[PDB]
Each structure stands twice: as C-alpha cells, then as structure tokens.
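Residue-level listing of the chains:
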Amino acid sequence: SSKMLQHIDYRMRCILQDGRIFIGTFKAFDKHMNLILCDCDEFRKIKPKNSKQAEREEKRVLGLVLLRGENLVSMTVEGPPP
Amino acid sequence: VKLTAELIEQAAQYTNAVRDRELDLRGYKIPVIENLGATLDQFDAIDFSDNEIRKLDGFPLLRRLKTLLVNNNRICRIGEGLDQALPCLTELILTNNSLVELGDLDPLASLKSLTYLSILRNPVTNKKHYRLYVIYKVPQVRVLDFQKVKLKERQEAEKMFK
Amino acid sequence: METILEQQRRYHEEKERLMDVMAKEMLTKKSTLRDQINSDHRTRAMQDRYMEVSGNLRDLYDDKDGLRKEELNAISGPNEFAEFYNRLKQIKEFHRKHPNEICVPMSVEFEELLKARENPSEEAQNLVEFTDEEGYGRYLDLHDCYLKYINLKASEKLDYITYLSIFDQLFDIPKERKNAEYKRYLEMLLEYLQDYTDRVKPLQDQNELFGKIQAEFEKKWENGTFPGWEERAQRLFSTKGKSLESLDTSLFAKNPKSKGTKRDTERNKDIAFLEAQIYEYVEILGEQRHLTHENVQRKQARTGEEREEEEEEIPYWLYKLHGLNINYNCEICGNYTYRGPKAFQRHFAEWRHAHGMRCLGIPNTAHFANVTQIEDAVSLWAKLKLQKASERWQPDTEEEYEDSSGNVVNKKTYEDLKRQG
Amino acid sequence: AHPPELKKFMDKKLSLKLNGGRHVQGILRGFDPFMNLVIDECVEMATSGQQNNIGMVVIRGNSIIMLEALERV
Amino acid sequence: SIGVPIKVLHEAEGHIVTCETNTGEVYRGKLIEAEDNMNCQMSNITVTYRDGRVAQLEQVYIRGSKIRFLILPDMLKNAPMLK
Amino acid sequence: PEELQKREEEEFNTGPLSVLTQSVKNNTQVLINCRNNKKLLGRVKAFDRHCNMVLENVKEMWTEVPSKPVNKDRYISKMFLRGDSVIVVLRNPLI
Amino acid sequence: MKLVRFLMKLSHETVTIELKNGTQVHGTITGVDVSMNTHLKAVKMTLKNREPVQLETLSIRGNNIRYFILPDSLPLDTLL
RNA sequence: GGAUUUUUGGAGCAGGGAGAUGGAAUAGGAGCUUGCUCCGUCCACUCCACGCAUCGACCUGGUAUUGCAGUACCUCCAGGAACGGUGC
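Residues numbered from 1 in each chain as written, not as in the entry; some residues may be left out. Chains lettered and ligands numbered in written order. Part of a larger assembly, values for the part shown. Heavy atoms only, no water. Residues with missing side-chain atoms left out of burial classes, pairs and counts.

The deposited coordinates for this entry were obtained by cryo-EM, with a reported resolution of 8 Å.

The name given to chain G in the PDB entry is Small nuclear ribonucleoprotein Sm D1, and the organism recorded there is Homo sapiens. Readers searching the PDB will find this entry under the title "Human pre-Bact-2 spliceosome". Of the comments in the UniProt record for chain G, the one headed Sequence similarities reads "Belongs to the snRNP core protein family." (UniProt positions renumbered as here; feature names shortened; annotations may be inferred.)

Under the annotation held in the PDB entry, chain B carries the name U2 small nuclear ribonucleoprotein A' and is attributed to Homo sapiens. What UniProt states about chain B under its Subcellular location heading is, verbatim, "Nucleus". Quoted verbatim from the Sequence similarities field of the UniProt record, the comment on chain B reads "Belongs to the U2 small nuclear ribonucleoprotein A family."

Looking only at helices and strands, chain G features 1 helix and 5 strands. Listing each helix as α and each strand as β along chain G from the N terminus yields α-β-β-β-β-β. Taken against the 2.2 N^0.38 rule, which gives 12 Å for 80 residues, the C-alpha radius of gyration of chain G at 12 Å falls within 12% of a compact globule. Taking the principal axes of its C-alpha atoms as reference, chain G extends roughly 35 × 25 × 20 Å. Sequence separation of at least 24 residues holds for 32% of the intrachain contacts in chain G that already meet a minimum separation of 6. (Helix = DSSP H or I, 4+ residues; strand = E, 2+ residues; numbered from the N terminus. Rg over C-alpha atoms; globule rule 2.2 N^0.38 Å. Contact = heavy atoms within 4.5 Å.)

To continue, consider the overall build of chain B. The helix and strand inventory of chain B stands at 3 helices and 10 strands. Reading the helices (α) and strands (β) of chain B from amino to carboxyl end gives α-β-β-β-β-β-β-β-β-α-β-β-α. Relative to a compact globule of 162 residues, whose C-alpha radius of gyration would be 15 Å, chain B shows 16 Å and is just as compact. Taken over the C-alpha atoms alone, chain B extends approximately 50 × 25 × 25 Å along its principal axes. Taking as baseline every contact in chain B between residues at least 6 positions apart, the subset at least 24 positions apart corresponds to 48%.

In this complex, chain G contributes 5 residues to the contact, which on the side of chain C involves 6 residues. The residue inventory of the side of chain G that touches chain C, partitioned by class, reads 1 nonpolar, 2 polar and 2 charged. (Nonpolar A, V, L, I, M, F, W, Y, C, P; charged D, E, K, R; others polar.)

Many structure descriptions define interface size as the accessible area lost when the parts assemble. Each side of the interface is counted separately: chain A has 10 residues, and chain E has 11 residues. Going through the elements one at a time, β2 (21-29) and β4 (57-67) of chain A are the ones with two or more residues in the side of chain A that touches chain E. In terms of residue count, the dominant contributor to the side of chain A that touches chain E is β4 of chain A (4 residues). Taken together, the residues that form the side of chain A that touches chain E break down as 6 nonpolar, 2 polar and 2 charged. Relative to strand β6 (residues 67-72) of chain E, β4 of chain A runs antiparallel, the two sharing 4 bridges. Bridge pairing links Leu67 of chain A to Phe69 of chain E in β6 of chain E. (Pairing = 2+ DSSP bridges.)

Here we come to the pairing of strand β3 (residues 38-46) of chain G. Residues and elements named next belong to chain G. Pairing of strand β2 (residues 24-32) with β3 involves 7 bridges; the strand directions are antiparallel. If you follow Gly31 over to β3, its bridge partner there is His39. Counting the residues between successive antiparallel strands, the hairpin from β2 to β3 contains 5 residues, one of them, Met36, with a positive phi of roughly 65°. Taken together, the 8 bridges between β3 and strand β4 (residues 52-60) define a ladder with antiparallel strand orientation. Looking at β4, one finds that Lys41 is bridged to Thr57. The antiparallel pairing of β3 with β4 creates a hairpin that spans 5 residues between the two strands, and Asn49 there sits at a positive phi of about 60°.

Per the UniProt annotation, the sites labelled "domain: Sm" are residues 2-74 of chain G. What you have in residues 2-74 of chain G is 7% helix and 49% strand, and the ends, taken at the C-alpha atoms, are 19 Å apart.

To continue, consider the pairing of β6 of chain E. Of the strand pairs in this sheet, strand β1 (residues 16-21) of chain E and β6 of chain E are connected by 4 bridges, and their pairing is antiparallel. Paired with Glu20 of chain E across the strands is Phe69 of chain E, a residue of β6 of chain E.

What follows covers the sheet that holds strand β1 (residues 13-15) of chain B. Strand order in this open sheet of 8 strands is β1-β2-β3-β5-β7-β8-β9-β10 (chain B), and the pairing throughout is mixed. Looking along the sheet, the strands with just one partner apiece sit at the ends: β1 and β10 (147-148) of chain B.

The subject of this paragraph is the arrangement of the chains. Of all 7 pairs of chains sharing an interface, the pair with the highest contact count is chains A and E. When C-alpha atoms are compared, chain B and chain F, though not in contact, are closest at a spacing of 32 Å. Looking at chain D next to chain F, you find no contact at all, with the nearest C-alpha pair sitting 18 Å apart.

What follows is about unusual backbone geometry. A positive phi angle, near 55°, is found at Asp39 of chain A, a position not held by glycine. Mapped onto the elements of the fold, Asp39 of chain A is located in strand β3 (residues 35-45).

Further remarks concern the environment of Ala34 of chain E. Residues and elements named next belong to chain E. Note that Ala34 resides in strand β2 (residues 26-34). Once the C-alpha coordinates of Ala34 and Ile67 are considered, the two residues, 33 residues apart in sequence, prove to be 12 Å apart. What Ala34 contacts, discounting residues up to four positions off in sequence, is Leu9, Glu13, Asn39 and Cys40.

Next comes the structure, spelled out in structure tokens:
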C-alpha cells in the first residue's frame, strides 16, 4: 500500500519540527516525504511572555509550498478536496 | 430555501483576494443563519451577499474568522451574543441593510478585537451625531466606513451624551 | 391541549410500545456476548425513556383535579364539542396520507436486518464503552493497574500473577500500610471496577446497588461489622482493635477517631468508603476475576504464534488445424480474449459485444463490426450518421412580400411569418 | 551523489553563512559532492566587528546554510 | 527516480520563489537553478534575516539540507505534475 | 543472504552491540539514555544495526523541575524504540 | 534482522507513539512502511505541554518518532 | 539504502538582582484548624542595567505624489512604543 496517496488532494495540516503548522491542499509527495501544498497557510504559536497575556497564533499566507521532508513531523487532514 | 450544511459543503471554498480562507454564499436568499459549525474552523472570511437574513444571529463558535461580509441583506435587528462565538474578528461588513436606531448598533461594542466596520447604505447613517456615537460606543474600531478615525472625532465623541 | 386525555393516552401508549419491544427482545434468541450486551445496553436506554415518560405522566394530574368537575359534566356543555368540530373544518385541501402516529413509534423502537440496533439507539456503540482486552464483559484489564502498582511499590519484585493474588485479598492483612500512598491507587482501581460492574450488567438498577452498598456501609461497616472472639472489634479508619463494644462506642466520639489524627472519619472518609466499595464490587465480579486470572495464565504459557493467533480472535494436431492457442483479443466485447481468429471475428459480432456497445452508447453497424478501439467507433458513428441528407422542405415558402426579385426565406422562417401574419 | 553546481562560484569572493550564526568570507577555491568548500583568503567575521583572516580553510558541507556571491558570478 | 515535488521545484526555476532556511531567514528571489537535492541558487534575493532585517543580496546559493520550505509561485498550481 | 546472516551474528557477537546480544542472551536489563534525558531500564527482545529496540519491563525514569526537580518515573510494559534516540547502552546496571 | 519489518506487521493495533518533539500520539495503527512512517487513525494527539487534541487520522514521518508504547496483549515472539 | 541538502534527529533545559510591595475565592507543608511565622511555583508596578542595539509590521498629526498594473515591502518628518526575530 502507498498510504499517503490516499491522503492526496485533501486539505491537510502538516506539523513541522519547530512547531509550525502548514494547512494546505496536499498535492504531491515523494520518498523523502517532501510535500507540495497548494494554498498553504503557516501557523506559528506565539509565546505569551507575561502572566496575563494570552497565547496567540500568527497565520501567514504562503501559496504553493514545497515543504522539505526533513522538516515534517506528522500530517493530518482538515478538509475534503475544494 | 433555508440554510443547512448542504449549502456549505457544495459552495466555493478558496483563497480570497486579500489572501484569507473564503467560503462564498452569494445569491442564496437565506433568511436565517444556522448550522455553520460544519466549516470546521478552517476559514477567515465568509461572504453573505444577496440573502434575506432578517437578523444577524445564530452564529456558532468559530475562532479563526477575521471577516464577516453581510453585504446587501435585510438586517433590521442585530444579534448581541456575537463576541462569544467570533473572538478574533477584524472586519464586519454590514453594508446595505435596514439599521435605523442608534441603540441597534449597541451590541457591536462587545467585540474587543474589531478593527474595521462598514455600515454604509443604512438608515442609521442618516441620523445626526451618528459616527461620533459609533466611536464613543465601539472605541476599538480603527476604520469606520472606510474613513480612518481622528482624534477630533474621539474628543467630540467623548464630549457628547455625558 | 388535552393533557387529561390525549397526552396521558399517548404517554401510556408509548410505555406499552416500550414494554412490547423489550419483551420482543427477551423472547428472541441471543447467539454471542457482544450482541447480548448490545441488546441489554439498548434495553437500558429504553428503560431510561420509560422512566422519563412515566415521570411526566405522574406530574400531569394537578390541573386535572382543577377541571375534573367540568370534564365530568357530560350533560351541561355540548357547545365546546361543536366549537372544536367547527375548527376541525380548517384547511380542508390537506391532500396527504397520515399513517404515522402508531407506525413511527413501533418502527422507531425496532431494528433493521443489517444492524440489530433500533432507531433510538442507532449510533450506540459498545467499543466506546469497552476496550478490546475486556471483550464485552468477558475479562477486566488489570495490566494498566499492574503498571501503576509497580510505580507505587518502587520495585519490580512483583509479577502480573503476583498482582492478581493481591486483588484476591478481601479483609486480611493489607498490601502496604493503609495510611500510605496506596490510597490513591486503590481509589483509581475501584473507579475502574465500579464502572465495570455496572457496565457489564446494564439491566440492573445502578441506584439500587449504590444505595444498598451505602446503607450496608453506614449501618454495619462503620458500626463494628468486623468482630473477633484486640480481636473484639476492628475500626477501618483508626486501624486498631478494642476490648468491648462500650469502649468502641465511646471511642467513636473521641478526637483521634473524629478529626484528631490523620486517619480519622473527617479526613480518611472517602478512602474508607472506597475500600468497602472495591470489596463489595470484587465479590459481585468474582466469576469475572477468575476468568481474567485463567486468561492471564493461558496467555503467559503460550508460544509466539499461539499468542499472536489469540490476539487475532492430447490432440495437438487437431488443435493446430482448428486454430486453437492463437493470440486474439476483442476490446469491444468487454476486453475479452479469443483463442483463434475466427473466434475473434465471431466475438466482435456477438451478444456480449453488442450489449457492451449499447451500454457504452455507440450503436453497432455492418461496417463497424470489426472495430476494436472506441476512438474509431465514435468517428464511424458520426460518419454513418444518416449519410448526409435531411432536407425535404428547407426553402419552399412562396414569399409574396417581394413581388419583384427578392423571395429569400427558409422553411422555419416562412412558418414563423405565416404564424405571425 | 551529484556534485553541486558551484562552477559559477569558483574563484569568486563568497560570503558563507555557517551554522551557529558564524560568518566567513573568502574566495571559493573548491568543492566536493558533499558541498565541503575550500576557501582561500578566508576572513572570519564574528559578532564583534573585528575580523580574523584565517587564510585557507575547509568547510564541511552540512554546516553551510547559504553562500552569497560578493562578486558578480 | 526523482519525486514529484522536486520536479515541481525544478519547474519553479526561472520564477520568483521564496525559501526559508533552517535558521528562519527568508530568501525571496528568482530561482536561477534548483537541484535534485533541493540546492537552490537564487538571484535578486531579498533576505529577512530572522529579526526583520530585509537586505538585498544578489546570487545566493542555499544548501538544500537547510531549507525549511519553499514557497513556489502560485502560477505553477496548474502544472501537469500536480494534475 | 545466508553469509550475511552468519556475518551479522558473528559481528553482533564480537562487535559493539554485543551487550545487546548479551541482553538477549541471559535476559538482563540494560540502562539506555535517550536524547530527551529519559533513562530506560528494561530487557531487550530484539535489536538491529540501528540499535532499534523492542523492550520489555521498561522503567523510564526522568527528572522534572516543578525548587528541586523530582525523579518522576513510569513503567512502560512493552515498547518499541527507535535507534537514533539511543545515547548510551550500559549492559549491567547497578540498581 | 530489521525491526521495521516487525513494526510493519502491526495494523489496527492501538499504540502510543512518543515523537521527537515531545509529542504523545495515542492511536491505532493503520499503516507503517519500510521507512517507519506511521499512519494512525482515531488519534488522541498531545503536543508538548498542551491539551490533547483529537484527529481522525495522522501520518507521522519515520525519523520524527522516538519510541512506541505497544499494547501489553502482543505476542512478540510470534511477531519476530 | 543510520557519516554534511530531506527518514533513525544537535537535542534538552532555565528566563538578571533587590524592596517592612500585593493576591492562591475552592488547592501547600511544618509549628498537629481558625490568626500568626518560615520556606523550593506567577502576574502588576517601582528601582539598578525602561535587559541592551538592529530592521520589519503598526498609531497619531503635518506633508508630497493624480500616476493604467500584475507585486517580499514602499514618500518624508516627529512622538510612542502593544508585536516579531537576530547577537550578547
């Protein structure tokens, strides 16, 4: 079986090693688990640095993303193919 | 026609011109908003052009939303418990509705993170001391009806109705 | 709204349907443990519905005694009947069949062949209520508790079988000092065991069983239920004997028992109640405890494979002259293969080939009999498309509007001109 | 095992960016398929402004993040 | 062989891509050449330097083992490899 | 093939992974340091070239700051462990 | 012998994978490949010092996992 | 097919010092409640060393540009610094 091919073309959330989140349409992959994500958005967790400040999530729009496979931790699905 | 999850699942889901996640709901004649939580919090802006929504209510908890586009609807009354369900909003686009009284804008002060408002083509724009009442009511808004707020407007907003 | 008559009648009928359905279940045969527990859990939800409906039925008679005289007045009245009957003449053109007032309750609390779960309980799932090791009431997993127990003793001198011998203890010497950290573990082990008892017997009254254990605890266990012939009376909390019942009674009101040590009835209460509940529930599950111990001993003694399996539970010249063993294939006849050229020619014009051509949408013909590819068949059907004619009256119009030298119009144009004027 | 296409950057003044924030500049003199570089006139520049000329160095490839061409290449 | 993503990356060369290295510096520039091991050379680089310092470098060469990701141009969204 | 299977058994008998071989010989626990500073006391069922391990009766100890940091431990019964996270395997642990 | 082959003969087994970035992913394995990438379903995933989120499926890369927690009801001698 | 650019990881851990400063509604121990005293966990303000310097995004006022394009970002001056990361 080629399990990641079942997850193809879905809106998928991909967790990077430094803690980032990549939500993108998972178009393609290969042996090293590089990803091609269309319409991908990255999400950085922001440390609060205070006792009363909340923890926020900053989202950057990226577009067509090639994610190198050594950065990837784990991928989950968010949505059907749009 | 009433709105369900069915019209959510089939509609256009994409990246808008301002590069956020967008769901389009143009031209559906929706009278009541319900069952939106099937969007699974993957969206930042939802359009609602050409629907017959009488009141902006029924909004479930969606945290990632930053824009509501309620262009050309029939909003005569407004919902009050909106800030508990849309915590990170930035734009509210309430153009071409039937808001008439000043107190009808009163629930809008509850959104803390709100930055941009558009209440154009509304009878509530027609009355005197309107914009200063919006500033004195909702202070966190930085752009009102595509006019940036000025400190003279803040001062004459604080002066009135003391 | 006829609360007195209609609502109570409907609630009484709904109760009768629930009794009939769980009677139909207790009439039917059961074949395996999963489906037994599933039906017993389903019948529990039906009992919860029955109790709630019976609740509402009992809290609907206070205003009934307010209107009973007026209701009992069947002679002086009649006008209200007429007034309601006149309002029943509203919306006559209601063209609809209505066979659903009793059929929907009957088919609601019944089930459909593929899934032996009724429409009320149709999302009910035993695997959200049991883990796989527990096998739906067959076994209890104590492996997790054994791991928490290793951490608690701070040493590995203790097997799973050794652990089970600890849980065979009842009223004898404790495993650890009862005032130590063993208490947090005992609380957790019990919470699992108590949930498990009710989970595997869902037809038994949980409130009855809880109230009985509470009553036995207060009236007997706290009141000297352990006597010897230091032997005389033992008190769970203060971990000591006592001479006579007179000095036991006068010790129950002393500061060391009430609140003046760290093992008292104010502080150690919940743990002492818990130690009684784990005892009474393990006695009720004594068969299941034996079954887990047997299963552990059977799992321990196995080979690799046995453990893995349990965790899964000659006419050559005639055929040459006839044309056999020849490579041929007809893609039009469902991509079938032929053992000869004549067989390939007869298979291209056959019942299966024509059926596949009709299902594909391309009608066959005399020139398209030998077609194999579907790309050439579309061009063949387009060129065969009634040759090139279809033009009997595409000019006859006899335009009299010209009357000089300009009579130009088509058939449809002259038809529209005759229909317009 | 394909060699990097640094034939443009050969004998040109580079500005390497090594890991740990380290920064060296110099004339790239050679490379292997591992992108280990050989730097001539290598000047190490630290967080302090003063720059140590260290002459001729071999940089292991897995520490290189980036290299800027200080000449036109 | 060569995977579909590195084929997309090779298709992206000649266009303005955006690399992010492992040190978080963002190198947006025209991808002159890319390699099978994701070595990227870019011209007209605008570097962000991880504290906001946007400078402009010319002719960088980024080691592919340090590349966190590569924002490719969105006009490659209809490439036949992505299909 | 078969010569590689004889080669790997003699190499695992005489080479650096001998202690892992010894841990599957007389079934004694090894103390394994991990990259996230977790010590693992447990027997090894099987290993390979990468020091990937299948382990029984594992006690994972580690030190957690809440002050003074405490030796919070857990008992993982059976486990698999990737080999690149292994730091140090010491064959005989003292206690 | 390789132990990735031991891991590939696990399907519909509920494990708890500890990842390299302090993550604890408790879910049942739908697929492991030769490069130790594990595809799980019914995932309860807890990041480091965060609340347990739940996902329908996860697909962890192989180098990013640190260790497993396998079920206690696993005959490993038949699995090797 | 564990030795520099992807998959057997170079990752883990901690946020400077002081002050008869302030709080743990329901959650610390000890002097065996309550009141008090002591000690290994935060936030707000003040002081030394607004932790420091940098650039980007951003708010007020003044000010310039009236221009037909497919974009990291776009006038300048001054004040404030809620945010991001870099090196010490």
